[PDB]
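Student: From first to last, the protein sequence lines stand for chains A and B.
Under our numbering, residues 6 to 268 are what the first sequence spells out, in order.
Under our numbering, residues 339 to 594 are what the second sequence spells out, in order.
Even for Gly, the Cβ is constructed at its ideal location relative to N, Cα and C.
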Amino acid sequence: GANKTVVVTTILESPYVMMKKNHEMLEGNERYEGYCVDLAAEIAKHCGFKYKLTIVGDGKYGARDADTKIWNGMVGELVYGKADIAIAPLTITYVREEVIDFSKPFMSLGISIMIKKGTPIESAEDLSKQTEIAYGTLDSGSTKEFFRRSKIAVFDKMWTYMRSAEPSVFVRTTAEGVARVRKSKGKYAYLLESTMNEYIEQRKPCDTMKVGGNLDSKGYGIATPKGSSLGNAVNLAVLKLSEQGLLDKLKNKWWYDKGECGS
Amino acid sequence: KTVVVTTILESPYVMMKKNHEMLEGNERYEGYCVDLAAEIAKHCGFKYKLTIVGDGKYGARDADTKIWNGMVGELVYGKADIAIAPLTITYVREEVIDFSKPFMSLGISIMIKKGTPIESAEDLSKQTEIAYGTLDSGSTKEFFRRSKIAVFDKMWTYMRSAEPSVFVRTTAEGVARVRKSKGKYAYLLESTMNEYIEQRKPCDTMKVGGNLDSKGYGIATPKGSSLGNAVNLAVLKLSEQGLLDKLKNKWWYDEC
Ligand SMILES: CCN1CNS(=O)(=O)c2cnccc21
Ligand SMILES: CCN1CNS(=O)(=O)c2cnccc21
Ligand SMILES: N[C@@H](CCC(=O)O)C(=O)O
Ligand SMILES: N[C@@H](CCC(=O)O)C(=O)O
Ligand SMILES: [Cl-]
Ligand SMILES: [Cl-]
Numbered sequence: 006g007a008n009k010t011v012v013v014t015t016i017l018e019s020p021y022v023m024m025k026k027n028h029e030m031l032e033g034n035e036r037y038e039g040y041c042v043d044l045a046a047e048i049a050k051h052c053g054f055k056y057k058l059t060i061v062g063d064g065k066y067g068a069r070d071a072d073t074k075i076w077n078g079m080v081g082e083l084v085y086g087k088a089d090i091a092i093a094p095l096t097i098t099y100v101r102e103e104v105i106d107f108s109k110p111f112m113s114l115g116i117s118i119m120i121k122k123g124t125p126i127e128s129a130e131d132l133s134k135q136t137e138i139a140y141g142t143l144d145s146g147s148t149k150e151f152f153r154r155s156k157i158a159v160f161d162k163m164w165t166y167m168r169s170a171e172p173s174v175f176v177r178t179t180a181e182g183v184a185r186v187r188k189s190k191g192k193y194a195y196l197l198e199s200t201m202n203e204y205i206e207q208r209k210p211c212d213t214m215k216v217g218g219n220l221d222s223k224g225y226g227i228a229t230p231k232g233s234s235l236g237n238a239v240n241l242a243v244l245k246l247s248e249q250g251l252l253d254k255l256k257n258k259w260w261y262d263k264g265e266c267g268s
Numbered sequence: 339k340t341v342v343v344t345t346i347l348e349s350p351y352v353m354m355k356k357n358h359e360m361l362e363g364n365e366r367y368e369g370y371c372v373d374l375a376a377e378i379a380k381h382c383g384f385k386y387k388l389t390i391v392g393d394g395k396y397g398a399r400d401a402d403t404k405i406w407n408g409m410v411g412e413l414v415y416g417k418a419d420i421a422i423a424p425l426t427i428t429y430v431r432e433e434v435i436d437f438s439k440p441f442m443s444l445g446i447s448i449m450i451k452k453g454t455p456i457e458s459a460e461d462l463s464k465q466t467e468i469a470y471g472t473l474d475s476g477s478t479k480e481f482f483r484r485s486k487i488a489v490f491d492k493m494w495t496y497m498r499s500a501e502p503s504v505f506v507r508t509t510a511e512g513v514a515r516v517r518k519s520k521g522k523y524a525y526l527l528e529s530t531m532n533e534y535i536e537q538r539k540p541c542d543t544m545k546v547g548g549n550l551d552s553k554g555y556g557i558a559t560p561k562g563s564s565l566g567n568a569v570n571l572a573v574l575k576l577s578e579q580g581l582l583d584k585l586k587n588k589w590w591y592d593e594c
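1) Should residue 592(B) and residue 452(B) be called a contact, given that it needs their Cβ atoms to be closer than 8 Å?
2) Any beta carbon from chain B within less than 8 Å of residue 264(A)'s own beta carbon?
3) Nearest chain A C-beta to residue 580(B) closer than 8 Å, yes or no?
4) What residues of chain A sit near residue 432(B), judged by a beta carbon separation below 8 Å?
5) Quick check: does the Cβ of residue 116(A) come within less than 7 Å of any heavy atom belonging to ligand 6?
6) What is the DSSP secondary structure of residue 365(B), reduced to helix, strand or coil?
7) Does the beta carbon of residue 157(A) come closer than 8 Å to any beta carbon on chain B?
8) Looking only at its chain, what residues have a beta carbon closer than 6 Å to the beta carbon of residue 51(A), apart from the 5 residues adjacent to it on each side?
9) Can the beta-carbon of residue 546(B) be found less than 8 Å from the beta-carbon of residue 457(B)?
10) Using a beta-carbon distance below 8 Å, is residue 98(A) in contact with chain B?
11) Quick one, are the C-beta atoms of residue 145(A) and residue 264(A) less than 8 Å apart?
12) Three-state secondary structure (DSSP) at residue 547(B)?
13) What's the gap between the Cα of residue 21(A) and the Cα of residue 94(A)?
14) Would residue 519(B) pass as an interface residue toward chain A - the criterion being a Cβ-Cβ separation below 8 Å?
15) Apart from the five residues on each side of it in sequence, which residues of its chain come closer than 6 Å, Cβ to Cβ, to residue 255(A)?
16) Give the DSSP-derived three-state secondary structure of residue 515(B) in the structure shown.
17) Provide the residue(s) that pair with residue 352(B) in DSSP beta bridges, ordered along the chain.
18) Closest by CA to residue 102(A), which one among 252(A), 226(A), 253(A), 167(A)?
19) So, are the CB atoms of residue 5(A) and residue 192(A) less than 8 Å apart?
20) Can you list, in chain order, the residues of its chain whose CB lies under 6 Å from that of residue 202(A), leaving out five sequence neighbours each side?
21) Residue 443(B) versus chain A: which residues are under 8 Å apart at the beta carbon?
22) Would you tell me roughly how many angstroms separate the C-alpha atoms of residue 115(A) and residue 131(A), rounded to the nearest one?
Right, here's the structure in full:
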């Protein structure tokens, strides 16, 4: 049929998608800025479609309820036909690839540790061997599923602690995890993707840091419903933008050019 | 029936075993990609035959004839069913073959003989005493040829017309040339192979600077192959189980 506006699901996650300072008087895509906003514009230009950015209603990345088998978050938006494409820091995973399609990765990341500066923690093994410093992850995301599923001894030990910790060590948004690190006087460490860790490390008040190596190695992909006619073009678009150096330029723009913690 | 796997002799991905002359079939070979092939085939449930690519090339399309050579050509022209190798995911290749999600990350990197006064690609571009080049018929050469990025464009203009040729036929020859040119040759190659060589005797090379780009190796299949979906899920499964990390540790295991 005639061309239709593509519905893009995304999530309010800095610096991927952020409200512009004057958003209260703006409409449509103009309300937003950030890495994924710029990426969405590039992808759409290369694939030749118009689009509408829509923030996912439940503010979640996407997990499958064990009871009802219903997908929530952005994955759910794609699975149930509420969006045509997800352009967001959405991690490529086995269980998601079973139900949606992913482009080749546009950004690499690994699970990493965020501490308040001066916290006596250097590694995941460090965390697993003590109890004074609590630690947790985001809900409904790939990091929590990583620990839940891991058969690796250290990570399994961490999961058995996290799943039963009281009060809950899990948070609903990345921002909540960051606040919890900043406010807990070194007694909370946050497990999150290295991309978000490195971003926060450059924001005032510059009181956090990433420690140790990454726990795994993965990537974000642009996601489409299985069998979507958009998948092929979007995939080539990602590889073209990568080859041209544009993805590198966008990361520099949003992570480091705008960094608040010096040169 | 039996899946024909095209691969290439490239340490530590695929190597001839000691006394391979008395061995046969898949048993002749060892390495990261040999182990990976075994895991993939187990998860997908097929039997396979490892075969070394006839022309010993990764794959490039000839400008005139528009014929693909190397492992890419073997997939394009139906000589193999799947490629399991350090085969780089690129735009131009994705137009003619399919790739799994990446099983290993890499970037183009600089190898120098230790003590060479080079810190970066920018450094290389702005001098002429030290010659530099890349592998033939591979993604690295194609990257520089295609690049509009100013430093890389400048490097390409020099490399394409340098005499004698700065290009080499195999990775081993690039490394040998670095080691024998007394610091007057730098080799542009993927960080994976750079890091591997860095840890092997005579310990006289090193990787300098950051990587020039960021990409990955994928398992490749002909377009519309029945194997694509299962292979892709198998890679992600192996990744999440931590086995790709274990295999990297094994074959890049630490001479220096
Ligand atoms: C090589 C590690 N790995 C596993 N396969 S993936 O999850 O598609 C991925 C994506 N991006 C970078 C790395 C990466
Ligand atoms: C994020 C960079 N990037 C470009 N897209 S790719 O070439 O499919 C790839 C593969 N592996 C890691 C990274 C990677
Ligand atoms: N990128 C993750 C969310 C962040 C996290 O889980 O740490 C996902 O797609 O689920
Ligand atoms: N991995 C490369 C070969 C090595 C190189 O080009 O440096 C390819 O697939 O072409
Ligand atoms: Cl419309
Ligand atoms: Cl430039």
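Tutor: In short, the structure shows the following:
1) no
2) no
3) yes
4) 109, 240, 241, 244
5) no
6) helix
7) yes
8) 242
9) yes
10) yes
11) no
12) coil
13) 7 Å
14) no
15) 40, 43
16) helix
17) 348(B)
18) 226(A)
19) Any question about residue 5(A) goes unanswered here, given that chain A covers just 6 to 268.
20) 117, 119, 215
21) 113, 222
22) 18 Å
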